[PDB]
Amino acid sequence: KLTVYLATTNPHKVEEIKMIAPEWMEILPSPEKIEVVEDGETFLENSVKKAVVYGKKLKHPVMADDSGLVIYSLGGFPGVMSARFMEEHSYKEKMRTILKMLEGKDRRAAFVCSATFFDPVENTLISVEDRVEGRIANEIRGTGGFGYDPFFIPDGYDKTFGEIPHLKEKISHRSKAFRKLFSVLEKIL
């Protein structure tokens, strides 16, 4: 019933989103890579900006994700800088560096995801945000998911997303933000 192109370069993101989409959602890969200036202050701003740039060019309904790691004792770092921080380096160096940052510090943290729907024919835009609360692990563990998942432990668990990647589908920020986006969309039709 509703068909959408995904506004995203990230293949792990393509992956997570199709696997939690209801049957009434068809989620297609964008026919083209489109440069987006990601100069927003928040996940919401960047998510909307990707949805709008992609929507205007493709002239078809689109969905966008903007996401990252928020560490409370580091002022929300890396936040929107999640990818850009030490971007020439491996996620493993990034995680080691942030471990050094956190010695002696409260390790509370969250992955946040802003999920955006834009229909450029109707000029309807919907954006919702959700999060998964956890903590940074004392050490990098496991090879599942992507990015910072090897050192993030969701609340109510003692393993990292790198160790129990299947759990992302159930409780991660992206799963909940998009299910909450699907839910709104479902209602308004």
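Each residue number is its position in the shown sequence, starting from 1.
The question of which stretch, 158-166 or 44-52, has the higher mean Cα B factor is settled in favour of 158-166. Higher mean CA temperature factor between 123-131 and 22-30: 22-30, per the PDB entry.
Among the modelled residues of its chain, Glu38 has a C-alpha B-factor that falls in the highest third, as given in the PDB entry. Remark: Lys180 belongs to the middle third of its chain, ranked by C-alpha B-factor as recorded. In this PDB entry, the Cα temperature factor of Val62 sits in the bottom third of its chain's modelled residues, the lowest group.
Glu87: CA B factor lies in the middle third for its chain, per the PDB record. Among the modelled residues of its chain, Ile140 has a C-alpha B-factor that falls in the highest third, as given in the PDB entry.
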